[PDB]
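The file my_file01.cif contains mmCIF, C-alpha atoms:
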```cif
data_my_file
#
loop_
_atom_site.label_atom_id
_atom_site.label_comp_id
_atom_site.auth_asym_id
_atom_site.auth_seq_id
_atom_site.Cartn_x
_atom_site.Cartn_y
_atom_site.Cartn_z
CA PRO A 1 -30.95 104.01 -24.23
CA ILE A 2 -31.72 100.52 -22.99
CA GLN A 3 -34.71 98.62 -24.39
CA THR A 4 -33.32 95.05 -24.34
CA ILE A 5 -30.94 92.78 -22.44
CA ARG A 6 -28.17 93.34 -25.02
CA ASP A 7 -27.53 97.01 -24.21
CA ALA A 8 -27.44 96.20 -20.50
CA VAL A 9 -24.99 93.30 -21.00
CA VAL A 10 -22.72 95.51 -23.12
CA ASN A 11 -22.86 98.04 -20.28
CA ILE A 12 -21.72 95.40 -17.73
CA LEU A 13 -18.85 94.41 -20.02
CA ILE A 14 -17.64 97.98 -20.63
CA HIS A 15 -18.02 98.94 -16.95
CA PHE A 16 -16.02 95.89 -15.87
CA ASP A 17 -13.29 96.67 -18.41
CA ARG A 18 -13.06 100.23 -17.05
CA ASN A 19 -12.95 99.10 -13.41
CA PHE A 20 -10.37 96.38 -14.18
CA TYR A 21 -8.01 98.72 -16.01
CA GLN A 22 -8.60 101.37 -13.33
CA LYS A 23 -7.44 99.11 -10.51
CA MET A 24 -4.50 97.80 -12.53
CA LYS A 25 -3.09 101.36 -12.15
CA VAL A 26 -2.21 101.54 -15.85
CA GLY A 27 -2.57 105.33 -15.61
CA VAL A 28 -1.62 107.24 -18.75
CA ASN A 29 -0.43 104.03 -20.45
CA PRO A 30 -2.85 102.65 -23.07
CA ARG A 31 -5.35 99.91 -22.25
CA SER A 32 -5.62 97.05 -24.72
CA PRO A 33 -9.16 95.97 -25.69
CA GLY A 34 -7.96 92.37 -25.91
CA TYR A 35 -9.61 91.38 -22.63
CA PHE A 36 -12.85 93.01 -23.81
CA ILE A 37 -12.84 91.19 -27.17
CA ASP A 38 -11.89 87.84 -25.62
CA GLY A 39 -14.64 88.18 -23.02
CA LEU A 40 -17.14 88.99 -25.77
CA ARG A 41 -16.26 85.93 -27.87
CA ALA A 42 -16.23 83.70 -24.78
CA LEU A 43 -19.62 85.09 -23.74
CA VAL A 44 -21.10 84.47 -27.21
CA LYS A 45 -19.90 80.86 -27.45
CA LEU A 46 -20.77 80.09 -23.83
CA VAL A 47 -24.30 81.55 -24.06
CA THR A 48 -24.84 79.45 -27.20
CA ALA A 49 -23.52 76.27 -25.52
CA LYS A 50 -25.41 76.84 -22.25
CA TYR A 51 -28.67 77.61 -24.07
CA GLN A 52 -28.34 74.44 -26.16
CA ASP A 53 -27.55 72.33 -23.08
CA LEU A 54 -30.44 73.83 -21.08
CA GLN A 55 -32.85 73.28 -23.98
CA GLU A 56 -31.75 69.65 -24.34
CA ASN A 57 -32.05 68.98 -20.59
CA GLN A 58 -35.47 70.66 -20.40
CA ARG A 59 -36.68 68.64 -23.40
CA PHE A 60 -35.47 65.40 -21.78
CA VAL A 61 -37.13 66.28 -18.45
CA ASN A 62 -40.38 67.23 -20.23
CA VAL A 63 -40.36 63.95 -22.18
CA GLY A 64 -39.82 62.01 -18.95
CA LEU A 65 -42.63 63.91 -17.23
CA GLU A 66 -44.96 63.25 -20.18
CA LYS A 67 -44.10 59.53 -20.08
CA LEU A 68 -44.73 59.44 -16.32
CA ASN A 69 -48.06 61.25 -16.78
CA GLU A 70 -49.09 58.79 -19.51
CA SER A 71 -48.15 55.85 -17.27
CA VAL A 72 -50.10 57.35 -14.35
CA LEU A 73 -53.13 57.89 -16.60
CA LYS A 74 -52.90 54.28 -17.81
CA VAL A 75 -52.65 53.04 -14.21
CA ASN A 76 -55.67 55.15 -13.20
CA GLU A 77 -57.65 53.84 -16.18
CA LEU A 78 -56.70 50.24 -15.35
CA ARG B 1 -45.87 45.72 -10.49
CA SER B 2 -46.99 49.11 -11.82
CA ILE B 3 -47.62 50.32 -8.26
CA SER B 4 -44.17 49.09 -7.20
CA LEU B 5 -42.58 50.86 -10.19
CA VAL B 6 -44.44 54.07 -9.32
CA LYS B 7 -43.30 53.83 -5.69
CA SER B 8 -39.71 53.25 -6.84
CA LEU B 9 -39.80 56.14 -9.34
CA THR B 10 -41.57 58.60 -7.00
CA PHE B 11 -38.14 59.92 -5.96
CA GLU B 12 -37.16 60.44 -9.61
CA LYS B 13 -40.50 62.16 -10.21
CA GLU B 14 -39.85 64.49 -7.27
CA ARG B 15 -36.36 65.22 -8.61
CA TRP B 16 -37.84 65.98 -12.05
CA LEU B 17 -40.41 68.28 -10.43
CA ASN B 18 -37.62 70.09 -8.57
CA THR B 19 -35.65 70.44 -11.82
CA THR B 20 -38.73 71.80 -13.62
CA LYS B 21 -39.29 74.29 -10.78
CA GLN B 22 -35.64 75.42 -10.87
CA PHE B 23 -35.62 75.63 -14.68
CA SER B 24 -37.22 79.09 -14.55
CA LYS B 25 -34.53 80.39 -12.17
CA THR B 26 -31.79 78.77 -14.27
CA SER B 27 -33.14 80.37 -17.46
CA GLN B 28 -33.38 83.73 -15.66
CA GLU B 29 -29.81 83.60 -14.33
CA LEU B 30 -28.14 81.90 -17.32
CA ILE B 31 -27.06 85.17 -18.95
CA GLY B 32 -25.56 86.52 -15.72
CA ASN B 33 -23.78 83.25 -14.95
CA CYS B 34 -22.40 83.16 -18.50
CA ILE B 35 -21.20 86.77 -18.13
CA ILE B 36 -19.39 85.98 -14.87
CA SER B 37 -17.87 82.74 -16.21
CA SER B 38 -16.64 84.35 -19.44
CA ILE B 39 -15.15 87.19 -17.41
CA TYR B 40 -13.48 84.48 -15.29
CA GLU B 41 -11.94 82.78 -18.31
CA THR B 42 -10.76 85.99 -19.97
CA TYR B 43 -9.70 88.03 -16.93
CA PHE B 44 -8.91 86.04 -13.81
CA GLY B 45 -5.98 83.84 -14.86
CA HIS B 46 -3.24 86.14 -13.55
CA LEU B 47 -4.80 87.09 -10.19
CA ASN B 48 -4.69 85.68 -6.67
CA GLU B 49 -7.76 84.70 -4.64
CA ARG B 50 -8.06 88.07 -2.87
CA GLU B 51 -8.20 90.03 -6.14
CA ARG B 52 -10.53 87.37 -7.53
CA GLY B 53 -12.96 87.87 -4.64
CA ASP B 54 -12.64 91.64 -5.02
CA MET B 55 -13.72 91.56 -8.64
CA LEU B 56 -16.48 89.14 -7.67
CA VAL B 57 -17.72 91.97 -5.44
CA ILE B 58 -17.47 94.53 -8.27
CA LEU B 59 -18.88 92.18 -10.94
CA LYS B 60 -21.85 91.10 -8.81
CA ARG B 61 -22.46 94.78 -8.02
CA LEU B 62 -22.53 95.53 -11.77
CA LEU B 63 -24.94 92.64 -12.48
CA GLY B 64 -27.22 93.82 -9.68
CA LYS B 65 -26.92 97.39 -10.95
CA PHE B 66 -27.95 96.76 -14.56
CA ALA B 67 -30.94 94.52 -13.63
CA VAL B 68 -29.36 91.25 -14.80
CA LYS B 69 -29.90 88.58 -12.16
CA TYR B 70 -27.35 85.85 -11.44
CA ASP B 71 -26.94 82.79 -9.23
CA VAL B 72 -26.48 83.70 -5.57
CA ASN B 73 -24.69 80.40 -4.82
CA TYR B 74 -22.61 80.59 -8.00
CA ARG B 75 -19.17 78.97 -8.27
CA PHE B 76 -16.72 78.66 -11.17
CA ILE B 77 -15.72 75.07 -10.36
CA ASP B 78 -19.35 73.94 -10.15
CA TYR B 79 -20.35 75.85 -13.28
CA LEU B 80 -17.54 74.91 -15.70
CA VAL B 81 -15.87 71.87 -14.10
CA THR B 82 -17.33 68.42 -14.60
CA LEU B 83 -16.63 65.63 -12.13
CA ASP B 84 -14.94 63.57 -14.86
CA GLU B 85 -12.50 66.38 -15.67
CA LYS B 86 -11.94 67.17 -11.98
CA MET B 87 -11.01 63.55 -11.24
CA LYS B 88 -8.89 63.44 -14.41
CA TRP B 89 -6.89 66.51 -13.35
CA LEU B 90 -6.49 65.28 -9.76
CA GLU B 91 -5.29 61.85 -10.92
CA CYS B 92 -2.96 63.47 -13.47
CA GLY B 93 -1.34 65.43 -10.66
CA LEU B 94 -3.20 68.67 -10.04
CA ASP B 95 -3.42 69.78 -6.42
CA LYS B 96 -6.69 69.67 -4.49
CA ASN B 97 -6.71 73.47 -4.06
CA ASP B 98 -9.76 75.30 -5.40
CA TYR B 99 -7.48 78.01 -6.81
CA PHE B 100 -5.56 75.37 -8.76
CA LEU B 101 -8.84 73.81 -9.95
CA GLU B 102 -10.02 77.22 -11.21
CA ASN B 103 -6.67 77.83 -12.90
CA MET B 104 -6.83 74.40 -14.55
CA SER B 105 -10.35 75.15 -15.81
CA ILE B 106 -9.14 78.49 -17.21
CA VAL B 107 -6.22 76.70 -18.91
CA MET B 108 -8.26 73.85 -20.40
CA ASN B 109 -11.29 75.95 -21.46
CA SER B 110 -9.24 78.29 -23.69
CA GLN B 111 -9.40 77.06 -27.29
CA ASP B 112 -8.95 80.45 -29.00
CA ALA B 113 -6.01 81.76 -26.93
CA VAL B 114 -2.64 80.10 -26.31
CA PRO B 115 -2.36 79.67 -22.52
CA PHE B 116 0.67 81.05 -20.69
CA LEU B 117 1.69 79.23 -17.51
CA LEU B 118 3.46 80.77 -14.52
CA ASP B 119 4.38 77.72 -12.41
CA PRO B 120 7.55 78.32 -10.35
CA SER B 121 7.41 74.72 -9.08
CA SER B 122 7.34 73.32 -12.67
CA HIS B 123 4.52 70.96 -11.68
CA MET B 124 2.04 71.85 -14.43
CA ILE B 125 4.55 70.54 -16.99
CA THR B 126 4.18 67.06 -15.51
CA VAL B 127 0.43 67.57 -14.99
CA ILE B 128 -0.26 68.47 -18.63
CA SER B 129 2.18 65.77 -19.82
CA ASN B 130 0.24 63.15 -17.85
CA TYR B 131 -3.04 64.65 -19.10
CA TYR B 132 -2.21 64.53 -22.81
CA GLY B 133 -0.09 61.37 -22.76
CA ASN B 134 2.36 60.56 -25.54
CA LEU C 1 -24.15 57.39 -9.45
CA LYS C 2 -24.27 60.43 -11.74
CA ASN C 3 -23.44 58.23 -14.75
CA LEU C 4 -26.14 55.74 -13.73
CA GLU C 5 -28.67 58.58 -13.39
CA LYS C 6 -27.74 59.82 -16.88
CA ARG C 7 -28.03 56.28 -18.26
CA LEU C 8 -31.43 55.84 -16.59
CA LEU C 9 -32.63 59.14 -18.09
CA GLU C 10 -31.40 58.11 -21.54
CA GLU C 11 -33.03 54.68 -21.18
CA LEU C 12 -36.42 56.08 -20.13
CA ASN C 13 -36.24 58.71 -22.89
CA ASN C 14 -35.43 56.07 -25.53
CA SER C 15 -38.45 53.90 -24.64
CA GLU C 16 -36.93 43.80 -21.02
CA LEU C 17 -36.69 47.53 -20.31
CA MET C 18 -38.36 47.08 -16.91
CA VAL C 19 -35.72 44.53 -15.86
CA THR C 20 -32.92 46.88 -16.94
CA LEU C 21 -34.56 49.76 -15.05
CA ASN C 22 -34.87 47.60 -11.93
CA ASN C 23 -31.22 46.55 -12.24
CA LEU C 24 -30.15 50.20 -12.60
CA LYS C 25 -32.26 51.17 -9.57
CA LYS C 26 -30.74 48.33 -7.53
CA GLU C 27 -27.23 49.40 -8.57
CA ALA C 28 -28.00 53.00 -7.59
CA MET C 29 -29.37 51.86 -4.21
CA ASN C 30 -26.26 49.73 -3.63
CA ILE C 31 -24.03 52.69 -4.54
CA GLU C 32 -25.95 54.94 -2.13
CA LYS C 33 -25.68 52.32 0.64
CA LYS C 34 -21.93 51.99 -0.02
CA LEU C 35 -21.52 55.78 0.14
CA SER C 36 -23.47 55.95 3.41
CA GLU C 37 -21.36 53.12 4.85
CA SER C 38 -18.10 54.76 3.71
CA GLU C 39 -19.19 58.17 5.08
CA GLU C 40 -18.43 57.02 8.65
CA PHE C 41 -14.73 58.03 8.63
CA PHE C 42 -15.45 61.77 8.94
CA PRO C 43 -15.14 62.21 12.78
CA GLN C 44 -11.62 60.71 12.92
CA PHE C 45 -10.41 62.98 10.12
CA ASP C 46 -12.09 65.97 11.78
CA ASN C 47 -10.39 65.16 15.09
CA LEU C 48 -7.01 64.82 13.37
CA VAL C 49 -7.47 68.17 11.57
CA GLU C 50 -8.48 69.82 14.86
CA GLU C 51 -5.40 68.30 16.50
CA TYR C 52 -2.92 69.43 13.81
CA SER C 53 -4.50 72.81 12.98
CA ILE C 54 -2.26 74.67 15.45
CA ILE C 55 0.89 73.24 13.80
CA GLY C 56 -0.54 74.06 10.38
CA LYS C 57 -1.31 77.67 11.32
CA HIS C 58 2.12 78.14 12.91
CA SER C 59 3.79 76.76 9.78
CA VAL C 60 1.75 79.15 7.61
CA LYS C 61 2.83 82.05 9.84
CA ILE C 62 6.49 80.95 9.59
CA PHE C 63 6.26 80.68 5.79
CA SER C 64 4.67 84.14 5.60
CA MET C 65 7.55 85.47 7.72
CA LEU C 66 10.10 83.87 5.40
CA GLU C 67 8.31 85.22 2.32
CA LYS C 68 8.46 88.70 3.88
CA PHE C 69 12.19 88.09 4.39
CA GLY C 70 12.50 87.11 0.73
CA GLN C 71 10.76 90.28 -0.43
CA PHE C 72 13.51 92.41 1.16
CA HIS C 73 16.50 90.93 -0.71
CA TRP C 74 16.76 88.79 -3.83
CA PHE C 75 18.87 86.15 -2.04
CA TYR C 76 16.44 85.59 0.85
CA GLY C 77 13.50 84.08 -1.06
CA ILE C 78 12.01 80.74 -0.06
CA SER C 79 9.96 78.10 -1.88
CA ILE C 80 7.40 75.63 -0.59
CA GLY C 81 9.57 72.64 -1.55
CA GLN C 82 12.51 73.54 0.69
CA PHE C 83 10.15 74.28 3.59
CA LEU C 84 8.41 70.93 3.09
CA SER C 85 11.75 69.09 2.96
CA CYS C 86 12.70 70.83 6.22
CA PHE C 87 9.36 69.69 7.67
CA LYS C 88 9.97 66.13 6.44
CA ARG C 89 13.42 65.93 8.03
CA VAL C 90 11.90 66.75 11.46
CA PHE C 91 10.38 63.28 11.84
CA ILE C 92 13.53 61.69 10.39
CA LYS C 93 15.75 63.50 12.90
CA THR C 94 2.69 67.02 24.63
CA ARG C 95 3.24 65.39 21.23
CA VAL C 96 1.83 68.40 19.35
CA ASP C 97 3.98 70.82 21.35
CA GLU C 98 7.08 68.67 20.79
CA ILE C 99 6.41 68.51 17.03
CA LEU C 100 5.92 72.29 16.93
CA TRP C 101 9.12 72.90 18.92
CA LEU C 102 11.15 70.61 16.64
CA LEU C 103 9.58 72.39 13.65
CA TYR C 104 10.76 75.76 14.97
CA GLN C 105 14.25 74.43 15.77
CA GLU C 106 14.72 72.73 12.40
CA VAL C 107 13.34 75.65 10.36
CA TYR C 108 15.62 78.10 12.17
CA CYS C 109 18.65 75.82 11.76
CA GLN C 110 17.92 75.30 8.05
CA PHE C 111 16.89 78.78 6.90
CA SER C 112 18.91 80.97 9.27
CA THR C 113 22.18 80.26 7.42
CA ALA C 114 20.85 81.95 4.25
CA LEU C 115 20.72 85.35 6.01
CA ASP C 116 23.22 87.85 7.38
CA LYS C 117 23.68 88.44 11.12
CA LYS C 118 21.05 91.20 11.33
CA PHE C 119 18.40 89.11 9.57
CA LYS C 120 19.43 86.08 11.64
CA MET C 121 18.76 88.12 14.78
CA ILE C 122 15.45 89.44 13.38
CA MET C 123 14.44 85.87 12.47
CA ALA C 124 15.32 84.56 15.94
CA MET C 125 13.43 87.38 17.68
CA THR C 126 10.36 86.95 15.48
CA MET C 127 10.29 83.14 15.87
CA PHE C 128 10.54 83.61 19.65
CA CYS C 129 7.60 86.01 19.41
CA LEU C 130 5.43 83.61 17.38
CA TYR C 131 6.21 80.68 19.69
CA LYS C 132 5.81 82.48 23.02
CA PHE C 133 2.81 84.67 22.13
CA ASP C 134 0.83 81.47 21.47
CA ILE C 135 2.24 79.19 24.18
CA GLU C 136 2.44 81.70 27.05
CA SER C 137 -0.06 84.23 28.40
CA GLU C 138 -1.11 87.80 27.67
CA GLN C 139 1.11 89.35 30.35
CA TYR C 140 4.05 87.45 28.84
CA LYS C 141 3.12 88.73 25.38
CA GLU C 142 2.79 92.35 26.50
CA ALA C 143 6.05 92.15 28.50
CA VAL C 144 7.94 90.85 25.46
CA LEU C 145 6.24 93.48 23.27
CA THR C 146 7.20 96.37 25.55
CA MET C 147 10.75 95.00 25.87
CA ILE C 148 11.00 95.08 22.07
CA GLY C 149 9.45 98.56 22.16
CA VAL C 150 12.01 99.94 24.60
CA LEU C 151 14.74 98.22 22.56
CA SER C 152 13.46 99.98 19.41
CA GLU C 153 12.87 103.28 21.31
CA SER C 154 9.23 103.30 20.13
CA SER C 155 7.32 102.50 23.34
CA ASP C 156 8.55 103.37 26.84
CA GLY C 157 7.25 101.56 29.90
CA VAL C 158 8.23 98.92 32.46
CA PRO C 159 6.56 95.51 32.08
CA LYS C 160 4.58 94.07 34.99
CA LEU C 161 6.80 91.15 35.97
CA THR C 162 5.39 88.50 38.30
CA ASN C 163 8.81 85.97 34.40
CA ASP C 164 11.87 84.04 35.57
CA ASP C 165 13.37 83.91 32.06
CA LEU C 166 12.70 87.62 31.46
CA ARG C 167 14.90 88.67 34.40
CA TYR C 168 17.99 88.21 32.22
CA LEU C 169 16.42 90.18 29.35
CA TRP C 170 15.42 93.01 31.69
CA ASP C 171 18.94 93.05 33.13
CA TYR C 172 20.29 93.24 29.57
CA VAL C 173 18.00 96.18 28.77
CA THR C 174 18.70 98.07 32.01
CA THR C 175 22.47 97.48 31.79
CA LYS C 176 22.40 98.63 28.12
CA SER C 177 23.78 95.33 26.80
CA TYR C 178 21.91 95.64 23.52
CA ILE C 179 23.83 92.91 21.66
CA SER C 180 23.28 90.51 24.57
#
```

If you convert what's in this file into structure tokens, what do you get?
Amino acid sequence: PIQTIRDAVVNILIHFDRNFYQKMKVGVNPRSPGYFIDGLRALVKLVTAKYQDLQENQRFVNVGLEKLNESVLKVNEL
Amino acid sequence: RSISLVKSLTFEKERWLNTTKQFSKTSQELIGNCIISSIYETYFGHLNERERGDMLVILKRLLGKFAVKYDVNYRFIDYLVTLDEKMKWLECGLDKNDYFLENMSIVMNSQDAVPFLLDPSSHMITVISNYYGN
Amino acid sequence: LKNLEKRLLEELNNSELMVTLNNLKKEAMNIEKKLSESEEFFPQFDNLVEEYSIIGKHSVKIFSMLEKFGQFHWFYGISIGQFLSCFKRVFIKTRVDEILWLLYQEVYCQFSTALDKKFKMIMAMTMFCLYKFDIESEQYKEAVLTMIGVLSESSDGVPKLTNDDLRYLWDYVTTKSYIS
């Protein structure tokens, strides 16, 4: 039962693997979990990279906004 | 001079305000966009554009089903292709087709798997040779 | 412009500097003005694309036909390079209509020889269909379609003739000269 984003995301990944191997018409022939594993590792590394990039960009934008606010306060004081 | 600098940087301040407003939406949809892009890299190499759009329909249905929101105007080239790399590929010999750009991104963003190329025109040999040089 | 925006962000985050910021802003404004000045060539390109779109669509239809030929037998396949060389030799060997007609003639003369007599005849009939169904009118298209139908014994019915060229074809059908 789902209480976090992780169980949901695992459900998207398994459902997509099932739909993919269903429409490939593999039939009785076995389905390799290689696509599933590769997608999981790619998702892990890409979530880490995107979160780091978004944090860095948000920190830079916040620093610029703070500098602009300080300059505006100095201009209003003077 | 301070007033002139403020008037010049008002556009940058508005752009920063727009970025700060869109930061919440980006943080909300980051997990869904990462899911769709990783599924791109690990599934969509060996498919044509019709099958790619089909599994966009199924994948977006699954993201909307399990309450994970994504970008409505999402694109693989925009998400995982920089302008520097796009110009580098186009000047090294890659075609201007969006399908070829997506395939090139799949090829060049695969560091854990050895990429297999199906190029009946034998053009990607020259493209990757010009990309990597000597 | 993107690199200059990144450099400006890194310069403001790291902090004379006002002169460098003014120089970067002037460079960005000059780049934007150059882009706006160079963005005036769009209508000519749009007009050229709208002029040559019919030839492009007809060539795509011809290439799809030849790919469907190549799916039937392993010797009949076609690549984009040979088709593009055949397109290139057209200019070497109603301007839009003339270019399209020479395209049809040269593609048939180049790629008909790689087929047997039955597939040559199928190719000629289908190319005639693609040319005439676009150039001529709906009554012409339905007359050719019902002539092919009565040839294939799939649809029976006389076309509503007004053309002058189809008199010979109708004589061939009524006189049972199927090869002719």

### Result set of the PyMOL selection byres ((chain C) within 9 of (chain A)) on the coordinates above, as a list in words
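When the PyMOL selection byres ((chain C) within 9 of (chain A)) is applied to the shown file, the picked residues are residues 9, 10, 12 and 13 of chain C.
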
Restricting the output to C-alpha atoms, write the selected residues as a compact mmCIF listing (two decimals), keeping the file's coordinate frame.
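New file selection18.txt:
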```txt
# COMPACT_ATOMS: atom_id res chain seq x y z
CA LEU C 9 -32.63 59.14 -18.09
CA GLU C 10 -31.40 58.11 -21.54
CA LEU C 12 -36.42 56.08 -20.13
CA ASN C 13 -36.24 58.71 -22.89
```

**Asked** If you apply the PyMOL selection byres ((chain C) within 10 of (chain B)) to this file, what residues do you get, as a PyMOL selection string?
**Response** chain C and resi 2+5+9+18+21-22+25+79-81

task: Mind checking which residues fall within 12 Å of residue A:21, counting all atoms listed in the file, ignoring those fewer than 3 positions away in the same chain, and posting them as a PyMOL selection string?
output: (chain A and resi 14-18+24-36) or (chain B and resi 43+55)

Residues within 12 Å of residue C:109, all atoms listed in the file, excluding chain neighbours under 3 positions, as a PDB file with C-alpha atoms, in the coordinates of the input:
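around-v8.pdb was written with the following content:
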```
ATOM      1  CA  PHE C  83      10.150  74.280   3.590  1.00  0.00           C
ATOM      2  CA  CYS C  86      12.700  70.830   6.220  1.00  0.00           C
ATOM      3  CA  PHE C  87       9.360  69.690   7.670  1.00  0.00           C
ATOM      4  CA  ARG C  89      13.420  65.930   8.030  1.00  0.00           C
ATOM      5  CA  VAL C  90      11.900  66.750  11.460  1.00  0.00           C
ATOM      6  CA  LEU C 102      11.150  70.610  16.640  1.00  0.00           C
ATOM      7  CA  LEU C 103       9.580  72.390  13.650  1.00  0.00           C
ATOM      8  CA  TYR C 104      10.760  75.760  14.970  1.00  0.00           C
ATOM      9  CA  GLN C 105      14.250  74.430  15.770  1.00  0.00           C
ATOM     10  CA  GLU C 106      14.720  72.730  12.400  1.00  0.00           C
ATOM     11  CA  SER C 112      18.910  80.970   9.270  1.00  0.00           C
ATOM     12  CA  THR C 113      22.180  80.260   7.420  1.00  0.00           C
ATOM     13  CA  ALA C 114      20.850  81.950   4.250  1.00  0.00           C
ATOM     14  CA  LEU C 115      20.720  85.350   6.010  1.00  0.00           C
ATOM     15  CA  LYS C 120      19.430  86.080  11.640  1.00  0.00           C
ATOM     16  CA  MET C 123      14.440  85.870  12.470  1.00  0.00           C
ATOM     17  CA  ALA C 124      15.320  84.560  15.940  1.00  0.00           C
ATOM     18  CA  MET C 127      10.290  83.140  15.870  1.00  0.00           C
TER      19      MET C 127
END
```

task = Can you check which residues of chain B have any atom within 8 Å of chain A? Use all atoms listed in the file and format it as a ChimeraX atom specification.
result = /B:2,13,16,19-20,23,27,30-31,34-35,38-39,41-43,58-59,62-63,66-68

Taking the file above as input, evaluate the PyMOL selection byres ((chain B and resi 92) around 9) and report the hits as a PyMOL selection string. chain B and resi 87-91+93-94+126-131

Would you mind listing what lies within 12 Å of residue C:141 as a ChimeraX atom specification, with all atoms listed in the file counted and same-chain residues fewer than 3 positions away left out?
-> /C:128-138,144-148,159-161,163,166
